[PDB]
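Next up is one chain by itself, shown in structure tokens, the form deposited in one PDB entry.
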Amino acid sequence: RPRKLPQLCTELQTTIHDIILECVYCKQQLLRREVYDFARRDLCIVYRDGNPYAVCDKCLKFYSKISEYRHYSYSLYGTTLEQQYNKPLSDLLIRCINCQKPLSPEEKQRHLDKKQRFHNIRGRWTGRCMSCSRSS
């Protein structure tokens, strides 16, 4: 089963512009904007009853907030994360806590310089991307 939207498209003989996707949680159709955002955030297609699903913004924000408030935990500096996984920060998946987008290599190297820690939530490591760090 394809885990990423392009392969799912290259398997239902469609494109990201055309594909019809439903939210795994609420089963409502994703807006086209939500489909593009799903791919740019490098999210994973999930399968239930053998059918592919994505996620809408409302449910992603809803269950994200639950998981943060109901699975609070600890934080580490990047060098310790590097030691713990042996890989460089650029090789680790670290998402923005707010928009769920994968952090860029620059954003991760920025965390290191500013002595800012990454945060663990249910085994997922998070930071904050430059875009969400520059908003009204």
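For clarity, a rigid core is taken as the largest C-alpha set superposing within 1.5 Å between two forms. We number the residues from 1 along the sequence you see.
Note that the form deposited in another entry isn't included here; everything after this is about it.
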| task | Look at residue 42 and decide if its Cα position differs by 2 Å or more between this form and the one not shown after superposing on the rigid core. | result | no
After fitting the core, residue 116 CA displacement of 2 Å or more between this form and the one not shown = yes
Taking the shown form as reference, the Cα pair residue 131 and residue 28 shifts by 3 Å or more in the other entry and sits closer
One pair moves by 3 angstroms or more in the other entry: the C-alpha atoms of residue 57 and residue 107, which are closer
